[PDB]
Amino acid sequence: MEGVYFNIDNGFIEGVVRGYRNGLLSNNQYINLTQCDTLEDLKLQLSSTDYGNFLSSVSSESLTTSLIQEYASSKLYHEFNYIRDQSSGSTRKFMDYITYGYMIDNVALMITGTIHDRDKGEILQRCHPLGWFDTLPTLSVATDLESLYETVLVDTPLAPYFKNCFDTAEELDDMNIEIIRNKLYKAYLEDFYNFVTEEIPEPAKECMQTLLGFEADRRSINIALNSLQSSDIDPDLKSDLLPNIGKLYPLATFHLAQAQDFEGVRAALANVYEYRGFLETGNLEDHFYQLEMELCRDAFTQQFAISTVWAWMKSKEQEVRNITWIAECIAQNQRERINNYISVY
Amino acid sequence: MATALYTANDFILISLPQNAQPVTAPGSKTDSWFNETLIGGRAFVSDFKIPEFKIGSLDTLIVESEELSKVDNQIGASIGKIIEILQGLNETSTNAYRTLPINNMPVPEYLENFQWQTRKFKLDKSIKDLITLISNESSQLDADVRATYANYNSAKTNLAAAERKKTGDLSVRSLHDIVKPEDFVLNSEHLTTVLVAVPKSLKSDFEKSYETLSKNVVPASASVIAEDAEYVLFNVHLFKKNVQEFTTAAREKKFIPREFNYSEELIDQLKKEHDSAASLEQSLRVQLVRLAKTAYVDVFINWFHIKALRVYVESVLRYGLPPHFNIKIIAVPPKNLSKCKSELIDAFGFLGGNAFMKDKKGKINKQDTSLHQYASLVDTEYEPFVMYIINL
Amino acid sequence: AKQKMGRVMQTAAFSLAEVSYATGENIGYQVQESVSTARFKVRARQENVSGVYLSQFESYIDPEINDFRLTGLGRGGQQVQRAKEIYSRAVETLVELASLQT
Amino acid sequence: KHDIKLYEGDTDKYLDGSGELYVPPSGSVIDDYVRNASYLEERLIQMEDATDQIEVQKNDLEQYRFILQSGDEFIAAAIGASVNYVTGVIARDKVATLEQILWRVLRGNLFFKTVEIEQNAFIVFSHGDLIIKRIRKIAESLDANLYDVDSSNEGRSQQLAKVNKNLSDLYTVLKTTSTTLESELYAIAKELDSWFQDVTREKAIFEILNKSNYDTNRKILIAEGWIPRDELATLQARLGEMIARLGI
Amino acid sequence: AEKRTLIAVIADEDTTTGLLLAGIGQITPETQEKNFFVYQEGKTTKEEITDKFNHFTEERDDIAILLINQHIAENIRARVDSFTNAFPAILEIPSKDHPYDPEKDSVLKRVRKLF
């Protein structure tokens, strides 16, 4: 049941998201765009959408690397940064937390990056609550954990980073890129779960519930596949073990994650999942995308729901990437490797 | 227990010394016990008496077992892929090729008449050459079946791209089978034809607009030559200079032009692509189905050649002398394997160890541990007498 | 061989570029810390082509050298994992062809 | 190294009983203290590495004593070379089973397994002289010391005879090391506290005096004065409320 | 002969990143100086490429083969042409989104005259 509540606040966040979804690239468009190889045709399809605004500005029949990145950055400012500020209540909060959770991977990478020494300025696009002009640099200069805690308290509302810092004190996060990121993701998915649990009584989660679990299963099998034949430390959570309702089990994920080859698991898991277990790294990669792409669209059937807006954000990240992938091939007159091969969005 | 079960019988291959006597039935005969006593008499025994071979020395013997284990597993895997290539092709559906003939003799009937095959594998040859010949044959055959199934999958992809071009969805499609000399004019160079892919809503919008898109647009040319669900495909004739104005004007209205001229070579080559793609997939599929079936039999004869060899050499390693062994293939009816395996262990187990023996049952395959894999190259759990479990 | 290397280098470069942009972080920074060895190296030989000794090279891939840890980033990690595999194949081309140049 | 732990919170005074005793009322000469610690640092580093190298060799040869004696008796091939024996130590008879399991699966029953309890486990495998390397591969992978012949000392006939004289060198050479270390330990424990207090006191003088610009932009007055030494005592009694009366 | 087993790179950022992942170059553990040089197209002055050129060819000696992008190699045309040695090898390959040109290829010019 949803729409069994009257909300001043939910009404604003839901309409503004619907307003964007109108001009937004449909499933049919993406299907048309792969077929293309004509420079002019790619422009036309896109001119007409939310992304089309930026395309019009500088008119380029062959789209280079830079143009694509600039258009996506522009597009995340109107759609995500802005929206939060004219939104209020529990609905603005839910948007802040999803944006901040994405920020925790980006900012974590910037901090870790200082330790390695690296060049900074503009950092590649993600959905972040405030740009790289506000929050991310202020967090970045503190590499000292003690000062991290203090810097999060200045941010009103609080970031997740405050908990993440508590943890890295007691050394449950260790060092090295791969292990940290696996723990940051484990927390990320854990926060999704706590929110649904509080949120559910007035806007139910049906479509969202199925998508959140299928997303979780995919993320974890993917992390495991990555650390299969590359080295894996067995007592660490580099297997991405996290609660589940029984769709993916801790045992079956652990078997895959270690270096012993455990391709079988994927096949047994699938009965309606796209990924079915293959010997081709590339074919696995294709399937992952299509699965996670489905059920977001289904979520749109619901409305007046926390379910709708969540599924939409996660679809947007997958569309910005599709645009990039297709656009570049057509530019230098080649066809797509991953996108031409996938056919279900 | 199982690993690719259809309706095929499961087999246990055993070998024993000629002094061995069961302790489960004392004073009884081994040959009689297998048929009569063994899992309530529902045990069907078939001969499978493997000849003598050239056995190496003691140092060479360790190395002969190590290789038999590896090669055995390769052949076993590779056959598993061939069965799969068929299953996917729909050449194995209900049951096919696990009970089907093996040179005009079914699989269970073939094992009973299998005693060693002197097809090219000789006992005047060394052991070493027998492992190298059989294994090479098995690898090479799998590689050809794999190369054709890859090529067939590619070939399907080309044909699918082609049908859609020849009619389906417009975004890359240009028509070439619906040509006509007047709905498609180009014979000098003054007139040309531009085709316009128009969404259904927009169909009225095109019929009204067509004349205004550029100057010198031929009258009443706008007709739907072809129509699909999402789109309606129009032809309009106009002057060549004007084609640039026409196309740009078309894109403002929010149509999508599809450029195709009526050059003779164009029409012919697209048509050709459809045909050439159907002929490639067709020829290939017939050779490919045939090639796997022919490969399947050969890798079957070769899988059993290693096992026979493997079992023989092993028997020599574990019991010692006599080099003359009493060897059988026992057909177990499906799901009685565990009960069969246990009974054999109790009777015969004392021979190979009076303390190196424990009760065990069935066959479990894993990469969790290396234990329970019954092999002489990796550490496993030691069986009390030579017994190998075959799952079909 | 110049034309052939160029096609291979542009194709491997574009697949790597796509991946860098999709993940939303620059992989190359991550990659620069981890590079501290080289898998593909050359071993030098002098070869008599007529009376004169010319430099020839024969390439070796170290099998004692593990995969670097730039994977496990989540969904972004899958993308790098596929990426290195095309690139090791590609890079081998450039070196084997390069032996004639010297 | 000494297994004496640091005493701290520091005496630098001349009020105290210890203050007078472990810190001389005289001046300090940095050069002397550096040279004193130099000689001791060098001696220890030799002593510590030498105890470990000598000690390890001894523990092994004493272990392989009993091993070569038992293994020769188990006889008519004690100094043989046409028969292969494998003598070996293993931590416990439990670890030995796992070895037995590899052997039996991967090499056949070409062993005779015997075991004697030590204090460790003496395990013995006995084999052909042309299947050695394969046994060796098993032995390496489960952490066993099964060597063909244990010890690099074999050279008298019997093997053991050489081993027993080399075990008498090892025992007496370790003991001499222990004595030099002990002697020096009793000698310098007390001295180390005194030099430590002395060195603290040197840091403090330099700081008082201004040895860097920072001490300067934090306190700007440094005064001078003369205190009789028979009265040095009373000045140190009150350390100074926000004044440093640590002196020479 | 053997005294060199690194392949150094002067190339655009993506091409270089890729090449390193594949394992060719390195950041040394006792010089702490890169044995590759990344380039931001048009954003990096022609003078910085030249320092880096000298570095791989002369100031380093563990460089076997020097790879260099045609777009970049052209900017610093003078220095490349003047380098005629075989130790390290100069091999110009097309830049990213740039096609072959025989005249961005230092060696091909050299060979053509005085054949």
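By written order: A, B, C, D and E. Residues from 1 in each chain.
We adopt the following convention: a contact is a pair of C-beta atoms (placed from the backbone, for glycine too) under 8 Å apart; a residue touches a chain by one contact, two chains touch by 3 or more.
Trainee: Give the chain pair, either A-C or C-E, that is connected by more C-beta contacts.
Mentor: By number of C-beta pairs in contact, C-E is the larger.
Trainee: By CA centroids, point me to the most central chain in this structure.
Mentor: Of the chains present, the most centrally placed is C.
Trainee: For subunit D, which other chain has the most distant CA centre?
Mentor: B
Trainee: Between subunit A and subunit C, what distance separates the C-alpha centroids? Give it in angstrom.
Mentor: 30
Trainee: Based only on mean CA positions, could you tell me how far subunit B sits from subunit E in angstrom?
Mentor: Once rounded, the distance between the two centres reads 47 Å.
Trainee: Could you give the separation in Å between the centres of subunit A and subunit E, each centre being the mean of its C-alpha atoms?
Mentor: The separation of the two C-alpha centroids amounts to 38 Å.
Trainee: Of all the residues in subunit E, which ones touch at least 2 other chains?
Mentor: Expected reply: 97.
Trainee: Spell out the part of subunit B that touches subunit D in their complex, as residue ranges.
Mentor: 58-59, 61-62, 66, 317-318, 356, 375-377, 379-380, 382
Trainee: Please output the residues of subunit A touching subunit B within their complex, sorted ascending.
Mentor: Residues in contact with subunit B: 28, 31-32, 35-37, 40-41, 44, 48, 255, 260-262.
Trainee: Write out the stretch or stretches of subunit C touching subunit A in their complex.
Mentor: Against subunit A, the touching part of subunit C is residues 10-11, 14-15, 17-18, 20-26, 29-30, 32-33, 66-67, 69-75, 77-79, 81-82, 85.
Trainee: Going by the contact rule set out above, which residues of subunit D touch subunit B in the complex?
Mentor: Residues in contact with subunit B: 101-102, 104-110, 128, 130-131, 134.
Trainee: Flag every residue of subunit E that touches subunit C in the complex, lowest number first.
Mentor: 1-7, 12-27, 29, 34, 36, 38, 64-65, 67, 86-87, 89, 91-94, 96-97, 99-100, 105, 107-108
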